[PDB]
Amino acid sequence: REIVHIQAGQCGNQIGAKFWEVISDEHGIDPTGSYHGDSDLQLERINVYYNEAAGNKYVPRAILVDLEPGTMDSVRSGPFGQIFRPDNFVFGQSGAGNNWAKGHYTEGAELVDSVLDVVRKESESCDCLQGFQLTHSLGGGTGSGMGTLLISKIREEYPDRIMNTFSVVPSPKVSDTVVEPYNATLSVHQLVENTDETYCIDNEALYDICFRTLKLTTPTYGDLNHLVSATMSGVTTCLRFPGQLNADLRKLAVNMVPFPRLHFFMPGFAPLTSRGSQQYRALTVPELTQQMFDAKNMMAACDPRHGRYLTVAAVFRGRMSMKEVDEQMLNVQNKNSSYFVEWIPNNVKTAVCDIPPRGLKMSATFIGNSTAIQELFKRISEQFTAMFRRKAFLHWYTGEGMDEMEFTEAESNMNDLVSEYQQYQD
Amino acid sequence: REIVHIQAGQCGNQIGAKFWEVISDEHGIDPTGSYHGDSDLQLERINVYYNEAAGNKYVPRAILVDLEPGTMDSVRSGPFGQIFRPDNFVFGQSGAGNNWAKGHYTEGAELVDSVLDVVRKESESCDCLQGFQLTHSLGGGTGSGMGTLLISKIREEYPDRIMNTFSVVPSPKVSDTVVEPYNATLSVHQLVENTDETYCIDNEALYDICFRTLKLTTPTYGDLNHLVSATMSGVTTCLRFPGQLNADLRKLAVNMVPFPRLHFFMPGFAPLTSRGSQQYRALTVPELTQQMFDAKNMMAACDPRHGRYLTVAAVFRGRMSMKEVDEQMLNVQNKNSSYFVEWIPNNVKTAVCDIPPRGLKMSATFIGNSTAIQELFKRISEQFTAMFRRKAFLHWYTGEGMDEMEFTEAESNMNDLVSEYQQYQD
Amino acid sequence: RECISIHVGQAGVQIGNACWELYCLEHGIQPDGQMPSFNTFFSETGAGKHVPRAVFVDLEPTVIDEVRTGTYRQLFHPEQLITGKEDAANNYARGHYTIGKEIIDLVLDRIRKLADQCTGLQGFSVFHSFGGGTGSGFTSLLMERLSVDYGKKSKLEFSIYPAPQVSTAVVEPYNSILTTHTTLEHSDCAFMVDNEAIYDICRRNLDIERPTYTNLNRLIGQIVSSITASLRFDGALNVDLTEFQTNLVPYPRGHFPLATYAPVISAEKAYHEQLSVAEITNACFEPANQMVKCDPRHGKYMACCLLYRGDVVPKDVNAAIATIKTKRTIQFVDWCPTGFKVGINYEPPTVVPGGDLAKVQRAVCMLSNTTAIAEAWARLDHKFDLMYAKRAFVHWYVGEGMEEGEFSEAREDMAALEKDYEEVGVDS
Amino acid sequence: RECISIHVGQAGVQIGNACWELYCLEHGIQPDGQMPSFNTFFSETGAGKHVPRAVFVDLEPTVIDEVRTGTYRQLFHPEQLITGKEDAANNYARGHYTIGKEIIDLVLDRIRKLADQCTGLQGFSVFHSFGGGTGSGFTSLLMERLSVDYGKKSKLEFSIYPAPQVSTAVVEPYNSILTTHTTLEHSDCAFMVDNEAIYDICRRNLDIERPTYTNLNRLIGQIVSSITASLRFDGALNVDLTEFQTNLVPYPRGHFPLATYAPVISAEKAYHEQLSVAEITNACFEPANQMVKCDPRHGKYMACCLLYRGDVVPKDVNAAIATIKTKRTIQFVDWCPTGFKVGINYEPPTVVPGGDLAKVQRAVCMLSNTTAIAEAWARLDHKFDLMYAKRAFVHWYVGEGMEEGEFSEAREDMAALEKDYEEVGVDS
Ligand SMILES: Nc1nc2c(ncn2[C@@H]2O[C@H](COP(=O)(O)OP(=O)(O)OP(=O)(O)O)[C@@H](O)[C@H]2O)c(=O)[nH]1
Ligand SMILES: Nc1nc2c(ncn2[C@@H]2O[C@H](COP(=O)(O)OP(=O)(O)OP(=O)(O)O)[C@@H](O)[C@H]2O)c(=O)[nH]1
Ligand SMILES: Nc1nc2c(ncn2[C@@H]2O[C@H](COP(=O)(O)OP(=O)(O)O)[C@@H](O)[C@H]2O)c(=O)[nH]1
Ligand SMILES: Nc1nc2c(ncn2[C@@H]2O[C@H](COP(=O)(O)OP(=O)(O)O)[C@@H](O)[C@H]2O)c(=O)[nH]1
Ligand SMILES: [Mg+2]
Ligand SMILES: [Mg+2]
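Residues numbered from 1 in each chain as written, not as in the entry; some residues may be left out. Chains lettered and ligands numbered in written order. Part of a larger assembly, values for the part shown. Heavy atoms only, no water.

The deposited coordinates, according to the entry record, derive from cryo-EM at 5.35 Å resolution.

Here is the structure:
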C-alpha cells in the first residue's frame, strides 16, 4: 500500500519539487506541513505518500538526492521544501558533473550507501509497500548514473515491489552534455533489466504542447514539470482514491507489459488546451479521447501511429458513464485498428477513478506502449556509435575506470530492444 | 532502597554536576536545596538520593572527590553546588596529575581514608542501601586511580550492595594522557573483578551523536554529559517510580550478567533527534525501538552488529502498551537474530516505568552487553603493549613504586576479557 | 564547493584586479572586505569581511604594489600578495627555473594554506599569459606542483594568446613553445584570448578606438564572471566548474577552447535594438565576435558550450540551438554530436559602473574547440623556427641552463599537437 | 596550590619582568601591588597588595636596579630583589662556584622563606639562559640545593637556547656543556627557545624587522602565561604544573620539550582571517612557527602537549587532533601513542597593551619532544670540541679551579645524551 519516491539529479530534484507540491494540493496539505484540508478523502489515503509526524505534520515519503548542496538548498528554500525533513536530503559535495562514471561507477557510488540506509529506514516506516518511484534524467550523471546504481540495490532488496521510474529522455534537439547519449546508453544497459517500467519524457515535445495547444509563450521548466506531475499524480491517485475500475498500480503494470523487456511508456494528457478555447470546448468522454489519442498531446517525442500499439491505458478522473467510456474506447480501437497489434484482442484497457483533479471536471491520462519508442533508441544508438568510435569525453569516463567493452555491450542491448520491438512490430 | 553516589576526577565531578541537576529536576528540587515541586511522586521516593535535612532541605547522597580544590570550587559555585553539603567535598591539595600511581597507589591513597569515613557516615544515614554508583574516567588519575581504590574498600565493606560505575572510556581519537591506556589497563585489572558492572562511554561517539542526529554545532562537555545523565537518571528513576515492569536495579544486573566476568555495557538513548525533525516524527514504540537499536544512537564507540549480543535491556518511560512493547521487542529479536547469541532464548528483556522524562512523552534507554566491547579492550591492550615496552612515563609510575609485573598481569587480564568474549562469541 | 584563483604575472594580476573588482560588484563588497550580504570564493571573518580565495604572484614588486596601494588593498590579505624582487625577463629559463623556482615554495605553501581553508575544494584556475616570463614560465612551474598535490581538482588555465601581429616579447615563440611542452601535459584545459581581436571588438561593437588594457580586461572579466560567479549562483541548469571540465574536454590532450562573447554592445548600440536569446547566440557564431584571431569557418568544431545569464528561457534556447545546428555553416567533427552544454543561470549579467558595455538583460558566453587552432600553432612554428634556425637570442636561455635539444623537442611536441588536430579533422 | 618563579641572570630577570607584567595585566594589578580583584602566585597583604612569589637574582646590581627603578619596583618586595656586586663573567666556574656560591645561601633562605609562606607548594620554575655565567652557572648551583630541599616539588626550567649563529659568549659551549652535566641530573624538565628563530617569527608573522629583547620577551611571556596563569584559571580541562610534568616527561633523563606557539599574528594579519582551533593547531605543526631552530621534520616526536585558551570547544579539538594524527607527516616514536595532553581553559588569551600581537579569541601552545634535539647537541659538541682541542679560553676556568677531565666528562655526558636520543629514535 505505500510508495517511496526518490528524486535525483538537478532535473529530478526540480521535477519532484512540482510533484510533491501537487500531491499536497490534492490532499490540502500546507507548505509548512500541516493538514488543512477539507475532505475526508484527503486524509484517508494519505499514507501512501505521507507519514504523519507528531503534531499533524506530514512527511513526504521521498528522498532528495544530489551531489551539490546548492540545488538541494534551492529546493528547500521554497514552499514544500519545509515539509521535507532534513533527513531526506542526502547529498555530497562535489558534483558528478554529469558523469556516469562518477555517479555510478565511482564517486556517487560512495553516497549511495547513505541514501540506501535512509531508504531502509523508510521501508520500515511503511506498513506495506506497493512500490517505489524514481525521478530522473537519462543522460545525467546523478540523475541516471547514481540513480541507476540505487535502483539496482533497491530492486535487490525488494524484488517484490514495483520499480518504476520516469525519466527525461534526450530530446533530439537539446542535449546538454556531449555524451548525453552515452549516459543514456549506459542507463538503458542498466535500467531496462533492473526496472519494471520506465516512462519517456521529451522536453521538446513538451515545449511544443505548451505552445501548440496551451498557446503559452513563457514557460519554464516548472510549468513543463507541472505537466509531468499531472501524469504522475494522475496515476497514483486513483490508486489512492475510490473509483470504479481497477485501481492498482501493479495491475496497471501487468496490463501494460506483454513481454519482460519491453516496458517503455509514452505518457499523454487530457484535457489540455488554452483558456480561449475553453469557452468553446465541450466536456465529454469523446472529447477526452480525442485529446488522448492525438499524438500531439503526447509528452514523448514519438509517433504512435508510426509504430504499432502494443498496449493502451486510459485512466479517467471524475464522473463518467461506464457505457460512454467503453464505447469510446471501442471506437478508438475500431478506427485506429491499423495501429494496434493483432495479437492482443481489445488492446485498449481502462481504469476509472471518481475523483477529478482539482479545478477540473474531468481528466484523462494516456499511457502507451508502442513500437514507435524504438525510434528514440535508434537515434541514441546511432549517435552513440559515432561518439564511441571517437571516444569523446571517454577519457573522462575511462579515466574513472569505465571500460569500453561494457559500453559495447550497452550498445548491443540498445539494439536488442529495437530488434525486440521489431519482433513484435511485425 | 537507597543509593550512594561518588564522583571523582575532573570528568566525574563535571558529569555529576549534570547528573544531580537532572535528579533535582525530576523531583522539583531547587538549586538552593528546598523542595518546590508539585507532584506527589516527587517527594515520595526521594529517599534514594536525598536526605531531607531540617528545614525541608535535601541533601544529595553523594561524595565529591578530587585532589584539587579549584575544580571542587567550580562545582560548588554553580546552582546545585549549594545543595551539596560542605561535608561532601573531600579533597586534597595536590593533584594526582593524572597519575594512577599517585591516585591509587600512593598519594591519593592517603585521602581515601577520609572519603571512606564520610561514606560510612552516609551508609548509616540510609535505612537500607540498594547500592552505590561511581562516576569516573578510566584513564584518569583520580577518576580511575583513586576511584578504584575506593571501590575496592567499599565493596569490602558492603559485598551485598550493588557496585557499579560509569566511566569514560578512552576514545580512539582523543586521549589526553599519554599513558591513558596504561591507566585504563590498570583500572581493568582492578575494577573488573571489583565491580558488579561498568558502563562504557565514548566521547567521540557522543560528539558524533550530537551532530549526527541532534545536528548541534556547539556542544560542550555539559551538553554531552547531559546525555550521559539521561541514561543514568533513566535507570534509577524507574526504580524509584511506579511502573509496570520490574523495577529493580539488582534485577537489572541479574538479567544482564550471564557470566561473572563479562559485565560491560553499551548505553544508548531514544528519542534523540533535532527539533527540525521533531515536526516530522511520530511517537510510537517502534519509533523508540528504531532509535534504540541503531548503533549510531549508542554512546559507546562500538558496533553491536559486529559482535554478538549477549543481553539487551530496554527500559521504557511513559505510557506504552504492553502488547506493543512485547511485539516490537520480539520483532527486534527476530530481525536481528543474526546478532543475538543462541544460547539465550529471548535475549531481549524489558523494563517499564510509567513516568516520562520531563518534557517528553516517552523515552527509552538501551543497555547492551555485546561481544563488540572486546574491540575497545583490544585497542587499549595493543597501545599498552607498545608503551609497556618503552616504559613511557613509567618512570613516573615506577618512581612512585608501581611494579611492571603488576602491569604485566594487568595486560593479561585485559586479554582474558577479550578471550572470554571470544569464548562466548562463538 | 570552493575554488582558488591564481594570478601570475602582470597579465594575470591585472586581469585579476578586474575580476575581483567584478566580484565585489556582484555582491556589494566594500574595499575593506565588508560585505553586507558568495562563499565559494570568499572566506569569512568574524567582522563580516570576506577574503577572496586567491593568490597573487609577481616576481617584481611593482604590480603587486599597485594592488597594495589601490582600493582593494584592504580586501586582500597581505599573505595573498606575494612578491619577489626580480624578474624573469621574459624568459622561461628564469621564470620556471632559475628565479621563480626559488619563491614557488612559499607560493605553494600559501596555496596549501588556502587549500586547508577550503572544505570542499572543487578546484582552481590560473590567469597568465603565453608569452611572458612569469606569465608562462613560472606558471608551468606551478602546474608541476599543483598537479601533484591537487591531482583530482580542476586545473583550468586562462592565458593570453600571443597576438600574431603585435608582440613586445621577441622570444615569445620560444616561451610559448616551452610552455606547450610543459602545460599540455599537466593542465586540464587552457583557454585563451587575443588582445588584437579584442581591439576589433572594442572598435566595432563598443565603438572605441582607444582601448587600454584596463578596458580589455573588463571585457575579459565579463566572460570570466559568467563562468565563475554565475555558475555558483542559482539557475535552471546550475553547472559546476568540474562539470565544465567534464563537458568541455574531449581528449586527454589538451584542449584549448576559445572564448566568444556576445553581447558586447555600446550603450548607444543597445538602444533601438532588441536582443533575444537566439539573436545573441547568432552573434556568438559570428567570426566578428570571436575573441581570438582565428577563423571559425576554417576549422571544424569539436566542442561548444553556451552559458546563459539573466532572461533566458530554455524554450528559446532550444529553438536557438536548433537553428545553429541546422542553419549555420558550422562544420563539426564526426566525433561529436552536438551535445552542447547549456548552462542557464537566472543570475543576471552585470556591468561595471563607468564601463563601456551596455546594461543587458541577458547574455551568452561561448566556449569552443575548433580545429583552426592548429593554424595558431603553425604561426608559432615558423616564428620559433626562424629564431631557432638563426639561434637568435639563444644565449639568454642557454646561460640559464637550457638545452637546445629541449627546444627542438618542445617544437616537436607542438608539431605532434598539430598532427593530432589534423587527426581530429579527419573525419571519420 | 602555590608556586615560585625564579629569575636568574639578565635573561631570567628581563623575561621575568615581562612575565610579571603580564600577570599584572591578567588581573589588573597596580604597580604598587594593589589588586582590586590569583593567589597561587601571589601573596596577600592586609592592604590588598599582593606579592608575586618570586626570587630575583643578579650578581650585578644593574639589572635588579632596573627593576628597582621601574614601575614594578613597588610590586616587588625588597627581599625578593637580591643582588651581588660582581659577575660571573660568562663563566660557570665563577657562577656556580667561586662567586655565586657565596650568595646562594641568602638566596636559598629567601626561597625557603617563601616556601614557608606557601601552604601547598606545588612547585617552581627557573628562568635563565644556557650560556651565561649566572644564567647557567648559578642556575645549576641552585638546582643542586633545591632538589634536596624540594625534592618532590616541580622542578621546571626554562632557558634560552643558544643561537647557532649568534652568540656573544665565546665560551658558551663550555658553559652549556657544563650545565648539561649538572642539570640533566637534577632538573625535571627543561624548556628552551631560540632568539634567532623568534626573530624569524617576528619578521614573518608579526612583520617586524626590528625586534629587541623587549619584544622577544613579550612573546615568551605569552607562552609562559598560557601555562601559568591559565593553568590556574578555570577551564574544562584544568591542568596543573605537576600534571604537566606528569604528562610531559617520559624518561628520567631529561627531557627537553620545545616550544611552539601559534597564534603569533600582527593586527593586520588578523584582519581578513578567521582562525579556528584546528587552523591554529595546523600552524602549530608547521616548522615556521617553531620557536627553536631545529627542524620538526627531521626528528620524531615523543611528546606533545597542546594547551588551549579562550574559545575552544573540545569537539573541534578532537577533530583537529584526528587530522594532526593522520594528516601530517609527523613521525613519532613507537613508544608513544599519541596521548597528547589537551589542556582546555576557558580563560581567554591576553595581549600586552602596545604589543605586537593581535587580539585573539583563542590560542594554542605546543610543547614537544623531538629527536631532532640531538642535532642541537651535535652543534654544541663541535663547538666545544674546537675550543677544547685548542684549549682556547681554558685558563679562564682553570684559574677558578676547573678540571680538564671534568670538561671532557661533561662532553661525554652530552654524548651519552645524544646516544639516548639515538636509542629513542630506534624504533622498536
Ligand atoms: N589582456 C591583457 N593582456 C596583457 C596585459 N598586460 C600584458 N598583456 C599581454 O601579455 C604579454 C606581456 O607579458 P609581460 O607583461 O611582458 O610579462 P609577464 O608575463 O607579466 O612576466 P615577465 O616577463 O617576467 O614580466 C603581452 O603579450 C601583452 O600584450 C593586460 O593587462 N591585459
Ligand atoms: N630572549 C632573551 N634572550 C636574552 C635576553 N638577554 C640576554 N639573552 C640571551 O642570553 C645570553 C646572554 O647571557 P648574558 O646576558 O651574557 O649573561 P647572564 O646569563 O645574564 O649572566 P652573566 O654572564 O654572569 O652576566 C645570550 O645568548 C643572549 O642572546 C633577553 O632579554 N631575552
Ligand atoms: N523537464 C526537465 N528537464 C530537465 C530539468 N533539468 C535538467 N533537465 C534536462 O536534463 C538533462 C541534463 O541532465 P541534468 O539534469 O543536468 O544531470 P545531473 O544534474 O548531472 O544529474 C537535459 O536534457 C535537460 O533538458 C528540468 O527541471 N525539467
Ligand atoms: N564526557 C567527558 N569526559 C571528560 C570530562 N572531563 C575530562 N573528560 C575525559 O577524561 C579524560 C581525562 O581524564 P581526567 O578526567 O582529566 O582525569 P583526572 O582528572 O586526573 O582524574 C579524557 O579522556 C577526557 O575526554 C567531561 O566533563 N566529560
Ligand atoms: Mg611583469
Ligand atoms: Mg648579567
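With that out of the way, let us pick up the packing of helix α1 (residues 9–27) of chain A against helix α9 (residues 221–240) of chain A. Residue and element names in this part refer to chain A. Running from amino to carboxyl end, α1 crosses α9 at an angle of 50°, the nearest separation of the two axes being 8 Å. Here α1 is positioned oblique relative to α9, judged by the angle of their axes. Crossing of α1 over α9 shows right-handed handedness. Residue-level inspection shows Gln14, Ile15, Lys18, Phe19, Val22, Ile23, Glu26 and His27 of α1 in contact with α9, the latter providing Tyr221, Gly222, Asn225, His226, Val228, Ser229, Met232, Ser233, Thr237 and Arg240. Across the contact of α1 with α9, the residue classes break down as 7 nonpolar, 8 polar and 3 charged. (Axes fitted to C-alpha atoms, helices over the stretch in contact; angles between N-to-C directions. Helix = DSSP H or I, 4+ residues; strand = E, 2+ residues; numbered from the N terminus. Parallel < 35°, antiparallel > 145°, perpendicular 65-115°, else oblique. Left-handed = near helix turned anticlockwise from the far one by under 90°. Contact = heavy atoms within 4.5 Å. Nonpolar A, V, L, I, M, F, W, Y, C, P; charged D, E, K, R; others polar.)

Another point: the site of ligand 2. All names here are of chain D. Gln10, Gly133, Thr134, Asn195 and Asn217 are the nearest of the 18 residues found near ligand 2. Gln10 is positioned such that a nitrogen or oxygen atom in its backbone is 2.8 Å from an oxygen atom of ligand 2. Take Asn195: an N or O atom from its side chain is 2.6 Å from a nitrogen atom of ligand 2. Coverage of ligand 2 by the protein amounts to 86% of the 660 Å² it exposes when considered alone. In terms of residue class, the shell around ligand 2 is made up of 5 nonpolar, 11 polar and 2 charged. (Near = heavy atom within 4 Å. Polar contact = N/O pair within 3.5 Å; in protein donor to acceptor, adjacent residues only side chain to side chain. Areas by Shrake-Rupley, 256 points an atom, 1.4 Å probe, with all protein chains shown as cover.)

Residues and elements named next belong to chain C. Contact geometry of helix α6 (residues 172–183) with helix α13 (residues 373–390) gives a least axis separation of 8 Å together with a crossing angle of 120°. Here α6 runs over α13; the crossing is left-handed. Residues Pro173, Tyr174, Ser176 and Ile177 of α6 form the contact with α13, whose participating residues are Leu380, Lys383, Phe384, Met387 and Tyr388.

Another aspect to go through is the UniProt feature "active site" in chain C. As recorded in UniProt, the feature "active site" lies at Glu243(C). Relative to the helices and strands, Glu243(C) resides in helix α9 (residues 241–248). The class of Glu243(C) is buried, set by a relative accessible area of 10%. Ignoring sequence-local partners within four residues, the contact set of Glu243(C) consists of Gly97(A), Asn238(C) and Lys341(C). (UniProt positions renumbered as here; feature names shortened; annotations may be inferred. Buried < 20%, exposed > 50% of the residue type's maximum accessible area, 1.4 Å probe, protein only.)

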